[PDB]
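Chains as they are written, first to last, in the entry's author numbering: chain A, 1 to 458; chain A', 1 to 458; chain B, 1 to 458; chain B', 1 to 458. A prime marks a further copy of an entry chain. C-beta atoms are modelled at their ideal positions from N, C-alpha and C, and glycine is treated no differently.
There are 4 protein chains.
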Amino acid sequence: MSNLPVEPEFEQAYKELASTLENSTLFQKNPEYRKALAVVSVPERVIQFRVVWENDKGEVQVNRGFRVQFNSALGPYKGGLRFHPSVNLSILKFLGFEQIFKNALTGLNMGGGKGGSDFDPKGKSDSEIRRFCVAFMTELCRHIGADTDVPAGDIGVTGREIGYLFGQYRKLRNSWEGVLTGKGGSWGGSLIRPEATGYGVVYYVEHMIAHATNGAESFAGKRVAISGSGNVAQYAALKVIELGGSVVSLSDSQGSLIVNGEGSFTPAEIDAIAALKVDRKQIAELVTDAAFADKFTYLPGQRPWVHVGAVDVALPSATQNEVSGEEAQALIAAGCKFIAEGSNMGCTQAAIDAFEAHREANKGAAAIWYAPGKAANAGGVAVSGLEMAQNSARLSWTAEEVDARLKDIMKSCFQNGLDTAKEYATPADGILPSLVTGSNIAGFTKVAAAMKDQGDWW
Amino acid sequence: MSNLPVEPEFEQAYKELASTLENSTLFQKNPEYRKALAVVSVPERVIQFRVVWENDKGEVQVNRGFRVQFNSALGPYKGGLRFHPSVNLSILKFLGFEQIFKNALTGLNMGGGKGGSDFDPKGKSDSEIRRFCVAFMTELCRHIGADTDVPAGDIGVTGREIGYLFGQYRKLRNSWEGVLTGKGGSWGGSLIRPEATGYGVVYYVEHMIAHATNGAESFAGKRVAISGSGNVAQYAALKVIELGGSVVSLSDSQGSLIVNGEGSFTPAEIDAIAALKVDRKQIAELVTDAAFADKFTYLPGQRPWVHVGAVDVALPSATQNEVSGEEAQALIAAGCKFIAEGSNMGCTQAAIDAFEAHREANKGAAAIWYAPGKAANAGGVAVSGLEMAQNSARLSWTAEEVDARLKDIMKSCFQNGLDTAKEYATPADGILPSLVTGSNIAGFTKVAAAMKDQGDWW
Amino acid sequence: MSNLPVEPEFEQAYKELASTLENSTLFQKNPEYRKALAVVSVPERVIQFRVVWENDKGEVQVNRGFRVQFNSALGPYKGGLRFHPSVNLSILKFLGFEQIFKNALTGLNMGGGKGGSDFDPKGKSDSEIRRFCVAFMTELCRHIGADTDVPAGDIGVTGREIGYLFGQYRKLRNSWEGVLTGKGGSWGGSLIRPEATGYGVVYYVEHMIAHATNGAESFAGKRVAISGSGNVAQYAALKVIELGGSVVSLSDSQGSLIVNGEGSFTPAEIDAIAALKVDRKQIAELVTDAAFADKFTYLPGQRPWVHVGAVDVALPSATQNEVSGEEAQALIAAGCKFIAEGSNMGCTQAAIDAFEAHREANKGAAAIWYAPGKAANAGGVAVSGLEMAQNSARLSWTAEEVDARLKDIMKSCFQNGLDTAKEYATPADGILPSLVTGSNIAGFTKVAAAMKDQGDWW
Amino acid sequence: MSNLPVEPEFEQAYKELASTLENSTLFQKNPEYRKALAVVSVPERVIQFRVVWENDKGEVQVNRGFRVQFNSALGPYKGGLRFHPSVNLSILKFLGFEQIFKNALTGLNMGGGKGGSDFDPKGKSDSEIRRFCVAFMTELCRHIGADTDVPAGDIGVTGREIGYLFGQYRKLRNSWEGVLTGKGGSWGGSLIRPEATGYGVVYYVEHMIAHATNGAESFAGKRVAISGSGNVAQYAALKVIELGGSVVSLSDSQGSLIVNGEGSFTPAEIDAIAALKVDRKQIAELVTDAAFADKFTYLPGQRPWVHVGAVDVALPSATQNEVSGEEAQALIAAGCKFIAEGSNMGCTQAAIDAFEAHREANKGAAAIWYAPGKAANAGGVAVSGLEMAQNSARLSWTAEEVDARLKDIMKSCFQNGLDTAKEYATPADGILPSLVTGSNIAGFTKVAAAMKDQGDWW
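Encoded structure:
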């Protein structure tokens, strides 16, 4: 161990996983899977490489490229590319490791990885970004490919970077293939990619509602509190309306908008907000209209949870730590029986404990049921996988076809979380299985067992 | 010819094929296809290679590996891997040759091959099998690939071996692709793979029943005699019940179970048998229950054919030579009008002659119609092909989607057998076309003509 | 061990080697090398492949192509190509196996293989041989290469065929490299290629003549007995005339010409014989002049040795089994102290054991010393490796350069044969070491030790 | 610049180089070469990869494998493999970085890299080392090759390991090429491989002895101080005896033997010491004879230098930091005018700056002249490149041939060290040029200029 470098962010993730596995009945029923945890925690392959490029001053520049290829038991390496000054190996092993098991949950054939550069997009011109992507991709293509490793976007790598990177791979490998996801519509991108994470959340909660109530209830006629104004929260809200539900809240960086009384946002309203966000206007400048007005109450500086009144479903999809303990109690007091994270890490540990304590203490549908983002988010990860599949046929499915497959993939997440908690975190008679604990063990056990099948360990 | 090695098992297969083609009108209408038979009978490629490995005594061990790549006119090389002490080239050319034309019948894009080792799985530990697969696959990967050659299981190569072999190919080729079939569900296997051969048999007989009766009849309300207790006979029986038919018999290594009177097995009963077979208990230990009892008659030491009484369909799916001449007469006397082999070579030549003589002598649906296993079995070969297709999209279809495609593939087998017999074995006015003769010429003519299109011969 | 096919010619070669070992002290000093014997006798890789080609009638034709890549511990596979109607895998394994150890003796880095086809060159036009070589090479290039496998001439493949084989390799691999040996001088060939073998026997026996009779009882004033009158025999004779020796005997397939007194053939005469063979004419050229009517006694349709009279070195370089026993004994009556095979398998077992018995009996330098073509023939094999080296160096060495290195490679053979046997035969009582036993187990041990250094066995 | 990890050993190497530059006149004459310094210090490519292997208990084991391919401006990556429990990326970068410039000095075409694993060879059976090397090489071959990256020995990897590594490369790449150096003689090894380093220091200092004291005050009648008694020390001593020198001192790890008067060790004695080391015995062989009781004073568990008495060349070739300062000063008391490192890092900083101060003070040929192992050690590295060349030439040169070219490669080191510093140090006042400063910035400038010719910077 005196060899081992200190990789704080990575070690943090390992520690959390090993703790989760240890607080279950897994290493009881299957003690040899500790060997699995040992072997999986070392990446299958790691590539680092010098990236030399020219700035607009015509000056030579040096940065460092990385592609952590962590696990490929369940499919080709899959995970994003981050261009950001803080990037290093320890950051990218953390993200890559995490990705192994979030990709496993979908029930798609996706391994895990993460790559990128310590290149800084700030203050860089469009042409500087091009010259970088070209230098970057020149070495990377040696190491990726459509049946090998399929990167994607992340911080600093938008559709702009994806396109430069694809066009340089094309030049080098003389090939047209699903080597990157998040591509343009003319060259191999997928429909539903915008609606994905938001539709996915609502499809996941739809299986939660089904299960908890034996098919008695659905989003039909339920009051939903959403937070967020952007891509995830817009389309979550649209789906909920389509399902006959009422969207009672939305929020932005500076306040919450609440439906007075019984009521809902309408699709035209959502569209109006959308338009404000593309302009970087605040969801206050719409209640300045006399439309909205007494239909809506705008609370500056505040989250929606205490002020929605009575609610049934809530969908935090704004940022991290956006549901405190107290706000978790409030949702419980309002009759909220389902919470799912559209935003990664939106609920604080305090709020999770609050929901997980209520779940244990109240049988069946009397409980509030909490679902972590790593299963509810997964929509975006899923349409990535559907983009790859569409690239293989060289076909573009209809929005209807991609929606349907996404619906299934989302049922797989619910099922992987539910079934794993029933086995390794078995609840007492009448208690809902923990979808959080389930969704944390589920990726590991799926990967590990397949690793065993394939002889990665024994 | 003084060069030619004696390959008995292979030469046997050639002799049988050339006899089948000669006893038709093919080399009359198309005499130049004798050139086809000459060229096809030499494999496109054959690889043999030393396999060195370490036993648990840490001792070096030597065996011989093979991959016969026989024909690829109609698709990538496809066929199984056998680990068995008797393996040699002559065995594997026999099986490989046969596979060319059984894969052709499906109407899928599958060439023909067969591979394996003279390695003996007996007395070998799990780790010894791993060390072998790793040594084996190390040389094999040079010669196979998802669009090149897709091996599969056979004697001595179960899901255990498939997984070791896949995991070693992964390591070597740095690729995730449909390079093997019969994979685990987490890493690229297919649903319906268990139900495949049994569902396939019933779908094939369903097209037989349709044809012979102009769509008047179906499995709706017909008494079916099945033999066998394992994978093929369980799911054949389930499908028959689903179709509204009555399963009146099942059998194991030591006796037959018969429905007294009018009656059928029920799905719960099938499941009960299934459970006895996984434990290696005998289908007698269920009539020891007072359930079953006077519903069933258990005949130790006996096959079901004479004792089912009157029957409509029979589905020998236990082992080889399980329907004698006399038993073939018995089925005929009981009104049996459709026989299809779930087991390879289940009917003796005596029984085939018996059915084929009745077919010639009795017009239309008065006949008994015999279908060889090489077309009725083909279910397993089909879901293999569907597994490959699913691996290409990196998608998992629903059990409903794989069932539907299997249904089609099974119609293709019926049609390739029917149509080829109408052309090259034309029956007299009012006689059903021979599905046995048809199914024997059909693979050859499909392959040969495509070979001609591609310039393999001229 | 019933699985294995019947391979006569190969099984014979293994038996003979396995009895040469164990009849030595190798397996007591190194018992674990029976493991080596077991592993090395399975070929590393074998390839068989259909060759379809068009005859001048426009007719499709089928033959079978092979390449036995037996062992590569000491370097790339190296071995020749035989086009002949008798070819099969058993014959090619025999030759390949033997090539492993024959190439080891040169002290070059050359593994052992052999390939060819059952294609019959007899009666074939030049265009048919072209068409075949294209078709043959199209599959073969997948399996060979400058650093992988370098084939070369043998029965059915002359410089004509080598050229057709090279061209097609060029067209397919877009390369140009030492992938074949025996190539034309304009395109990668070597000088001393024709002389090579003939020069090699003379160099070999020169070192035999040095070691026995250390005081340089050399080729200087020896009357040497040659048989053959082919390019092996003519360059063998030139070399011994250059060494101050006297050539007394050349022979034709039907034919045998003897120096009636003391004297020799001259280079000018050799030149005349060469011209006769370009005309496929028989010797019959003592008729040309009463001068050549003297110095020459001619014996049609028979054979040399007995009538040569008294002396000292014999070089059988005609064909296999130069009729033996008796003449061998006659050569001990004449003061024949040195016999080396210029033709492969030139001495029949009866002449071998006769020479090896005399060695046993008569102590050093009183004995006839027999050397196996496994060292004497190796001159050709040696300039092939030199043709490879020259192809690497992008250079075409002087005849002097390639002759010098040949002289050394020959001494290596002698040394590997002499030092081995002096170890593992240890002659005793001041007898000459067995160059037959030495030459055989030397190649084995060199390969087998290098096998163990790498992981091939343990 | 916080993103970057903490790499002690590497950061040290950069700092030391960056201070050697800038303390020279290079950056005034060529300021843009600070750009070179920035680019070259990022490695061109880095690969890390999990190695799973099986111990003799049948237990799965995990270690980590690396290959730092740092710079290839001047040729393929070349650098050794270290198996040791301390290995990590920081250590390997330090070594790789240093190898870049050490290889440049030979004037061969050799880029710089370094690799290995944290696998611990201690306590491992031969079979465990085999199993590891297979597993290690299986991933490594993807990244190396005769014209790409040629690794070689270092701490944990001897000729044993090289052989296991080569075999597995053979099996995987189906090639046979100069992909590893330090290979056995039967399979691609070089003569003068063992002598190499030892011969190289003597050749280097011979040119130091030529330049200072131009009138050939050569090894002729020098009493030379050696330390080490390993293969570096024994071939260093043989060479100086051949040069007419007198070896006065050899030492063991615990141990130090001195010629008590005028005289030397003999080759026969060296031979005896070598045998002792094959037995892991200590010197203790002046006991064998009162003869050796004279000519020899022995000092256990301590150290040479101070007690050698008066003279002239010292060759520390034992291990790192031969205890310094004091003895260094003693060597200036004896007429020691030449000190070159046969061991890497043999002189501690205190002895370096002591020697470099004396050089400053005493004008030419009155000074002790210190040479860094960065030139003196380079004999080994040089015959490795020669082993490569021989592998290319398909040839195995005479010991004379490889010695001659080694002698020249050594003169290149001296010349690159001498001519540089005489440029970028310019000693002044008729002082000897710093061979320490010269040797260091020479490698940099050679690489950096070739970097600029290609596009690596500008």
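Name, please, each residue of chain B' whose Cβ falls closer than 7 Å to the Cβ of residue i.
{"i": "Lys-171 of chain A'", "result": "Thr-138"}
Helix, strand or coil: how does DSSP classify residue i here?
{"i": "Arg-303 of chain B'", "result": "coil"}
{"i": "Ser-256 of chain A", "result": "strand"}
{"i": "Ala-216 of chain B", "result": "coil"}
{"i": "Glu-322 of chain B'", "result": "strand"}
{"i": "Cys-336 of chain A", "result": "coil"}
{"i": "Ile-209 of chain A'", "result": "helix"}
Tell me which same chain residues have a C-beta within less than 7 Å of the C-beta of residue i, skipping the five on either side of it?
{"i": "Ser-412 of chain A", "result": "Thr-106 and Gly-107"}
{"i": "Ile-209 of chain B'", "result": "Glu-217, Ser-218, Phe-219 and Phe-338"}
{"i": "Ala-18 of chain B", "result": "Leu-37"}
Under 8 Å Cβ to Cβ from residue i, same chain only, skipping five residues before and after it: list those, please.
{"i": "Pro-8 of chain A", "result": "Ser-90"}
{"i": "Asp-312 of chain A", "result": "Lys-222, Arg-223, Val-224, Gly-335, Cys-336, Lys-337 and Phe-338"}
Please list, in chain order, the chain B residues whose beta carbon lies closer than 9 Å to that of residue i.
{"i": "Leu-89 of chain A'", "result": "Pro-5, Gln-48 and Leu-89"}
{"i": "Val-134 of chain B'", "result": "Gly-455"}
Looking only at its own chain, which residues have a Cβ that is under 6 Å from the Cβ of residue i, when we skip the five neighbours before and after it?
{"i": "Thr-25 of chain B", "result": "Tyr-424"}
{"i": "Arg-173 of chain B", "result": "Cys-141"}
{"i": "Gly-228 of chain A", "result": "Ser-317 and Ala-318"}
{"i": "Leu-386 of chain A", "result": "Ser-190, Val-402 and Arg-405"}
List the residues of chain B that residue i touches, going by C-beta distances under 7 Å, in chain order.
{"i": "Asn-174 of chain B'", "result": "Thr-148"}
Please list, in chain order, the chain A' residues whose beta carbon lies closer than 7 Å to that of residue i.
{"i": "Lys-446 of chain A", "result": "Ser-186"}
Which residues in chain A have a C-beta closer than 7 Å to the C-beta of residue i? List them in chain order.
{"i": "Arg-130 of chain A'", "result": "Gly-455 and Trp-458"}
Kindly list, in the order they appear in chain A', the residues whose Cβ is closer than 8 Å to that of residue i.
{"i": "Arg-142 of chain B'", "result": "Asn-174"}
Practice item. With 8 Å as the limit, tell me which residues of the region 65-80 of chain B have their beta carbon closer than that to any beta carbon of chain A'; keep them in chain order. Key: Here the close residues number zero.
Review point. Given a limit of 8 Å on CB to CB distance, which residues of the region 393-409 of chain B' reach chain B?
Key: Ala-393, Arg-394, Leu-395 and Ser-396
Review point. Touch check for the region 436-448 of chain B and the region 117-128 of chain B': three-plus C-beta pairs under 8 Å?
Key: Counting Cβ pairs under 8 Å, fewer than three are found: no touch.
Review point. Taking one C-beta from the region 352-360 of chain A' and one from the region 388-397 of chain A' each time, how about it: are there three or more such pairs within less than 8 Å?
Key: The region 352-360 of chain A' vs the region 388-397 of chain A': no contact.
Exercise for review: Give the residues from the region 188-213 of chain B' that approach chain B closer than 9 Å (Cβ to any Cβ), ordered along the chain.
Suggested key: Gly-188
Check your understanding: Can you find at least 3 beta carbon pairs, one from the region 79-86 of chain B and one from the region 144-161 of chain B', that sit closer than 8 Å?
Key -> no
Check your understanding: Three or more beta-carbon pairs under 8 Å between the region 182-200 of chain A and the region 156-165 of chain A, yes or no?
Key -> Judged by Cβ distances under 8 Å, the region 182-200 of chain A makes contact with the region 156-165 of chain A, as three or more pairs qualify.
Check your understanding: According to a CB-to-CB cut-off of less than 9 Å, which residues of the region 81-112 of chain A neighbour chain B'?
Key -> When C-beta distances to chain B' are compared with 9 Å, the residues of the region 81-112 of chain A below that value are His-84, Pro-85, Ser-86, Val-87, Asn-88, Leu-89, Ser-90 and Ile-91, in chain order.
Check your understanding: Between the region 36-50 of chain A' and the region 41-49 of chain B, do at least 3 Cβ pairs fall closer than 8 Å?
Key -> yes
Practice item. Would you be able to state if there are at least three C-beta pairs under 8 Å between the region 402-416 of chain B' and the region 225-244 of chain B'? Key: no
**Study point:** Contact the region 427-439 of chain B' vs the region 364-381 of chain B': 3+ CB pairs below 8 Å
**Key:** yes
Check your understanding: Mind listing which residues of the region 28-47 of chain B have their C-beta closer than 8 Å to chain A''s C-betas, in chain order?
Key -> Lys-35, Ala-38, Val-39, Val-42, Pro-43, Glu-44, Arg-45, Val-46 and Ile-47
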